[PDB]
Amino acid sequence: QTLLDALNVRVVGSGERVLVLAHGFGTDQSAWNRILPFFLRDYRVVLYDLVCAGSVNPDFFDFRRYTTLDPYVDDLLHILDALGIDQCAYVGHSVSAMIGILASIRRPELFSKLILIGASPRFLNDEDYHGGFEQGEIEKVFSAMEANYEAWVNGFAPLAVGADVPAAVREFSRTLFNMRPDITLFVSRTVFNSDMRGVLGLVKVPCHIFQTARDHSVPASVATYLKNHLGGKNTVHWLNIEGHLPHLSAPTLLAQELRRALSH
């Protein structure tokens, strides 16, 4: 209840079937603004801000608490229990895909299906696994972010959007620049340190894996990896959308693909 207020929980739409939209890194729930109109007639939509969002009071971001994805999972389950949700479809972008995977292992009855967008269980390369990033490269990123946060945002946002969609570049820049820099750096280490490979097989809920073309954060092989390793019935959607942020860059097409996945 003070948690619902703290994380800007919003419930809209005319339907009864519950659809949770959970934003990822560098954004807030406003990233779903252009999807949302397509779900109000036939869903009950639940949106919230991760505690790291620039829209959330930075006083709530307890560095002693939010050291792994688990406490983010506790926030998500607290919200669904407080709303009296006993079953939903969940859409998680970026880190929210991994949050939803973990939540479903904790509460396998709460989710009818997960829709994962721009999802990766591991970013760092090793001898047996390609995530797309070297440890040395990530360190240099953290240094740049510390040196000049604004410059870092303005250099990274075009790469994350990927396609030449200047409105989405401005929009992602906007929400990243609203995040407090100390929070952004800490969350960025949470993201790069994540390793969800050992838990994928514990998932038993069906997963739709939405993979864009030329996603700077997620090589194509990682979407294949999720399809092979998630424990339940998996479907890969190879979206006709370029870049990591299809909800910002191609909302009308992403909305129709979500509608299709949520039907069957």
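Note that residue numbering follows the sequence shown and begins at 1.
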Check the entry's C-alpha temperature factors for 190 to 198 and 79 to 87, then say which stretch has the higher mean. 79 to 87
Between 70 to 78 and 120 to 128 (mean CA B-factor, as deposited), the higher: 120 to 128
Return the residue from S143, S173, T184, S94 that has the highest Cα B-factor in the entry. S143
For the chain shown, is the CA B-factor of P246 in the lowest, middle or highest third of its modelled residues? lowest
Can you tell me whether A213 has a C-alpha B-factor in the lowest, middle or highest third compared with the other modelled residues of the same chain? highest
For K227, the third of its chain by CA B-factor is the lowest
Test of reading the entry: by CA B factor among the chain's modelled residues, which third contains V153? middle
Is the Cα B-factor recorded for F61 in the lowest, middle or highest third of its chain? highest
